[PDB]
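Trainee: quick one: experimental structure and sequence below.
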Amino acid sequence: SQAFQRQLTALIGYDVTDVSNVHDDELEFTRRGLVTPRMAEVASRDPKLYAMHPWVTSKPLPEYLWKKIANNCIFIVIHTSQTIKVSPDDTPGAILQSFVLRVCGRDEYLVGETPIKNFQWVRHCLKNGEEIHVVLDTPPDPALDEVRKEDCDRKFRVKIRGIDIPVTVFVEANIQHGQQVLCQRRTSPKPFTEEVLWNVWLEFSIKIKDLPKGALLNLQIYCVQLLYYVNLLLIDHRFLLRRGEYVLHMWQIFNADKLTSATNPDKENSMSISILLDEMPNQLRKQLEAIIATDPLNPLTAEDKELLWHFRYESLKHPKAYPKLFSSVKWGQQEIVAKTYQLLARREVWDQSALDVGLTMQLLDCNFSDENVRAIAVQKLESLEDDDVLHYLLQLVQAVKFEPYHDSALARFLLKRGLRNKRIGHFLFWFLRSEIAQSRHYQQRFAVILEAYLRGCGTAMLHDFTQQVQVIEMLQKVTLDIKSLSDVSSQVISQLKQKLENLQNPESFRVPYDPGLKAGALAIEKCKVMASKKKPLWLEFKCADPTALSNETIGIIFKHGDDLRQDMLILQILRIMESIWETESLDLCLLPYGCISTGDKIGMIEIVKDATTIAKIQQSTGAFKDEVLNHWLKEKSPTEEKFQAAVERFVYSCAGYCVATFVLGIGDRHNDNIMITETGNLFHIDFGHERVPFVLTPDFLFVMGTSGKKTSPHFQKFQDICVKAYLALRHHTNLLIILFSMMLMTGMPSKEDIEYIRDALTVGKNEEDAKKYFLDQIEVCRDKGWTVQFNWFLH
Ligand SMILES: CSc1nccc(-c2ccc3nc(NC(C)=O)sc3c2)n1
């Protein structure tokens, strides 16, 4: 029967049928709309390849990795087991006749027409110098992917009737098109009582014909302080102007939440509003080019826009110009939007333009409501490969918040690519689910998209998702209860022990942050409760796969009290930073541990094996000491090779974070939050948690062979890597600025904050300046030594 809709609801965390919180039928129309994209991708997909999900690339194997193929040969261990020699560009389809190739312990298969070098797992191994273990296996049944069978010249105007609260005031109405205010009207102020009626007409100056699709009536209540906001889409999803009586429950108090077409579902408590609807000169060329060259966050003066619009067609031959050219369109004029479209009809240079993800992203941000503009960005995304889509997904998802309508190219794109690849499909799930679970502002839209995906991923995936949700809700329950019962107490660990007995009577589940890894039974004697302020559960599980090479059990932390959505975003940008460096033969040894937000200030975390905190390494002797980090680093490594590798790994990873963590503006971190692996790899944790640009303390320096006033061949390497790392990122200024900007608009608590990255990336500066800029930032750190780290102790 429809019991299927109940399980969907439970998977999704929201009931998409529930037609309570709607004043029109856009969500339903979208549920209906997304059926054919769902069905088309399901039909188009190859059952074999879809069943095995080969993680693959096209990108040229980086040089530093070819240095670990100094023989033109690669060792593979097939499983009693035997080693085999294989050429870099041999097919797994070929080396089978060398007498289905599945990775040991993992749900990862090596299949299809591509060199073995083009498989991510192979590239993962070479990076680490670990022998490729592959079980000789027969492919899983594609049958388990079974999908269940299913001309107006009048001026626009609005009647503000009044507002109502259950438990000095004026309404403001704005006709908005993507952050542009096309027109603005106010009501007369009135004493602020529970019910305040105006029954006024507000007549705008923008004529009805001049309303563009995607235009919001944004209603705001002021006391002067903004108190409550609400939005209604003036032109609706069927292409019809808004009409009729409307009662909208408003949100209580810049971020993506202010743009939503959703209404406050809390009717018991919320404020509501009743409304009623019934060829050029050298120099101008030089000025134009200087406009197009400016970073994405550099404001256009009115002189700029009139210029850009005038040389419209000449501006079109530059893709870098597109965000700027479409930010100069007067969307509140019918004749102009028309011209804009004759122009978009001949966007031929952009179609042939090599795909610029950074450029692409801009046309999807808060500043473009036109869906035809937004579509040309989505058009470029069509050519991205899976590996690429996986780098951008979290932020492509977040960009759905900026779409004016629930059904768009973007939402359809994420749907297609999720339906076409289990791994993308896996992450898409948890991303959407995380947003559905915690944003009242966007759950309705995100829930609809997630239904649309779950009704097409097939029964296997469906049952996969079932186990994970069951498990994470089971464990979440436990996570909160313990925080209620609290440094670490005595009963607490026994109380925990006893709770973990109750919830093992689902027996296997995919780790949400690494879908390749099966988590079997818990290891109940290994589970603890950490001594940090928020009392998170240290939990580990035995791997479900018997075909695993070892018994290194999977560790996952469960935490409530911090915004892991923020962690998630930072980490994604970290993976994008590695991705730039990789294309410039740079491995900065970033360790961006796996992490998913599952609810409100609550989620999960990848435990990185063989690592501790630098604060813990200091604790081991408030009176800090210089030597103990190098001392600790030695007493872990047996051989001199390993220690020399470890110290190098430190020099790269430290440079890596110093660059990353500086550019993102999260440099000034406490001791507790930086961690190092015994293998030398350093990494930061907790992003939901007299200044300094980045942590580079005298114990860090001591390891490089430096204290106070000194330098070493290993330290001069550090600066060499930094600078090179620093101007690598700078080559992708436009990309970074967008990602940063979108991360704030969709993930954090202002115009000011958005521009740290402009100062951090030093826009307008030449190359040799930036060299010196970062080198002097290194210098600043040497001075403060332990004063700032001591601050965080006092704090
Ligand atoms: C507690 S709060 C927190 N918040 C964000 C992130 C984290 C985190 C991440 C990774 C991580 N790896 C660890 N490895 C070992 C061996 O202990 S511990 C740890 C902790 N913790």
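Mentor: Everything's here; your move. Numbering: from 1, shown residues only.

Trainee: for residue 459, which residues are in contact?
Mentor: 144, 145, 146, 147, 148 (Cβ atoms under 8 Å, 6 or more residues apart in numbering). C-betas here are computed from N, CA, C, even on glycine.

Trainee: swap in 6 Å and give it another go.
Mentor: residue 146 (Cβ atoms under 6 Å, 6 or more residues apart in numbering).

Trainee: is residue 92 part of a helix or strand, or is it coil?
Mentor: Per DSSP: H, G, I helix; E, B strand; the rest coil, the secondary structure class of residue 92 is coil.

Trainee: let's number from 456 now, not from 1
Mentor: Done: numbering now begins at 456, and the last item shifts to residue 547.

Trainee: OK, contacts around the closest residue to it other than its chain neighbours?
Mentor: Closest residue to residue 547 apart from its sequence neighbours, by Cβ to Cβ, 6 or more residues apart in numbering: residue 565 at 4.3 Å. Shown in contact with residue 565 (Cβ under 6 Å, 6+ apart): 547, 556, 574.

Trainee: please repeat the previous calculation with a cut-off of 8 Å.
Mentor: Per Cβ under 8 Å, 6+ apart, neighbours of residue 565: 509, 547, 556, 557, 558, 571, 574, 576, 577, 589.

Trainee: same deal with residue 988?
Mentor: Applying Cβ under 8 Å, 6+ apart to residue 988 gives the contacts residue 1016.

Trainee: then it would be within a strand, right?
Mentor: No: if the criterion is three-state DSSP, then residue 988 is coil and not within a strand.

Trainee: how near is it to residue 1150?
Mentor: Distance of residue 988 to residue 1150, given as Cβ to Cβ, to the nearest Å: 20 Å.

Trainee: what's the answer for residue 1047, then?
Mentor: According to Cβ to Cβ, residue 1047 stands 17 Å off from residue 1150.

Trainee: who's more crowded, the two?
Mentor: residue 1150 (23 against 19; other Cβ atoms under 10 Å).

Trainee: how much space separates the more buried one from residue 1070?
Mentor: Using Cβ to Cβ, residue 1150 is found at 11 Å from residue 1070.

Trainee: shared neighbours, the two?
Mentor: Common neighbours of residue 1150 and residue 1070 (Cβ under 8 Å, 6+ apart) are residue 1129.

Trainee: so which of the contacts of residue 565 are in helices?
Mentor: 576, 577 (DSSP state H).

Trainee: run a quick neighbour tally on whichever residue of the stretch 606-755 of the chain sits closest to the ligand.
Mentor: Here the stretch 606-755 of the chain gets closest to the ligand at one residue, residue 710, 22.9 Å apart by Cβ to the nearest ligand atom. Other residues near residue 710 number 15, with proximity taken as other Cβ under 10 Å.

Trainee: hang on, it packs against residue 1203?
Mentor: Yes: under the criterion of Cβ atoms under 8 Å, residue 710 makes contact with residue 1203 at 7.5 Å.

Trainee: helices of the stretch 556-705 of the chain, residue ranges please.
Mentor: In the stretch 556-705 of the chain, the helices defined using DSSP state H, counting those that start in this stretch lie at 575-583.

Trainee: quick one, what contacts the residue of it found nearest the ligand?
Mentor: Using Cβ to the nearest ligand atom, the single residue of the stretch 556-705 of the chain nearest to the ligand is residue 583, 17.3 Å away. Contacts for residue 583 (Cβ under 8 Å, 6+ apart) come out as none.

Trainee: any idea how far it is from residue 968?
Mentor: Note on residue 583: its distance to residue 968, by Cβ to Cβ, is 19 Å.

Trainee: same check on residue 1036?
Mentor: 22 Å.

Trainee: cool, and residue 561?
Mentor: Distance, residue 561 to residue 968, by Cβ to Cβ: 14 Å.

Trainee: neighbouring strands for the longest strand seen in the chain, and are they parallel or not?
Mentor: In terms of residue count, the longest strand belonging to the chain (DSSP state E) is strand 650-662. Here strand 650-662 is paired, per DSSP bridges, with strand 610-619 (antiparallel).

Trainee: in the strand it pairs with, what counts as buried?
Mentor: 611, 612, 613, 614, 615, 616, 617, 618, 619 (16 or more other Cβ atoms under 10 Å).

Trainee: and what of stretch 491-503?
Mentor: 492, 493, 496, 497, 500.

Trainee: hmm, the second one is touching residue 873, no?
Mentor: This points to residue 493. No: applying Cβ under 8 Å as the test, residue 493 and residue 873 come out as separate, 10.1 Å apart.

Trainee: which neighbours do the two have in common?
Mentor: In contact with both residue 493 and residue 873: residue 908, using Cβ under 8 Å, 6+ apart.

Trainee: elements contacting the strand or helix carrying residue 1237?
Mentor: For residue 1237, the element it lies in under DSSP states H and E is helix 1222-1239. In this structure, helix 1222-1239 makes packing contacts with helix 1095-1118, helix 1170-1185, judged by 3 or more Cβ pairs under 8 Å, 6 or more residues apart in numbering; DSSP states H and E.

Trainee: now, of the ones you listed, which is deepest in the fold?
Mentor: Comparing those by mean neighbour count (mean count of other Cβ atoms under 10 Å), helix 1095-1118 ranks first with a mean of 21.

Trainee: check which helices and strands that one sits against.
Mentor: By 3+ Cβ pairs under 8 Å, 6+ apart, helix 1095-1118 packs against helix 1019-1037, helix 1083-1089, strand 1129-1132, strand 1137-1139, helix 1153-1159, helix 1170-1185, helix 1211-1215, helix 1222-1239.

Trainee: show residues contacting the helix or strand that the last one is followed by.
Mentor: When you say that, I think you mean helix 1222-1239. Note on helix 1222-1239: by DSSP H and E, the next helix or strand toward the C-terminus is helix 1242-1249. If you take Cβ under 8 Å, 6+ apart as the criterion, helix 1242-1249 is touched by 1077, 1079, 1123, 1125, 1126, 1145, 1146, 1147, 1150, 1152.

Trainee: before we move on, what about stretch 1073-1082?
Mentor: With Cβ under 8 Å, 6+ apart as the criterion, stretch 1073-1082 contacts 1083, 1087, 1126, 1153, 1154, 1157, 1162, 1241, 1244, 1245, 1248.

Trainee: ditto for stretch 649-664
Mentor: Outside stretch 649-664, the residues touching it (Cβ under 8 Å, 6+ apart) are 606-622, 624, 626, 628, 630, 637-638, 640, 642-643, 645, 696, 787, 789.

Trainee: swap the cut-off to 6 Å and go again
Mentor: With contact meaning Cβ under 6 Å, 6+ apart, stretch 649-664 is reached by 607, 609-620, 624, 628, 630, 637-638, 640, 642, 645, 787, 789.

Trainee: so who does the residue nearest to residue 518 when sequence neighbours are not counted touch?
Mentor: Leaving out its chain neighbours, the residue that sits closest to residue 518 by Cβ to Cβ, 6+ apart is residue 1040, at 4.5 Å. With contacts defined as Cβ under 6 Å, 6+ apart, the neighbours of residue 1040 are 517, 518, 519.
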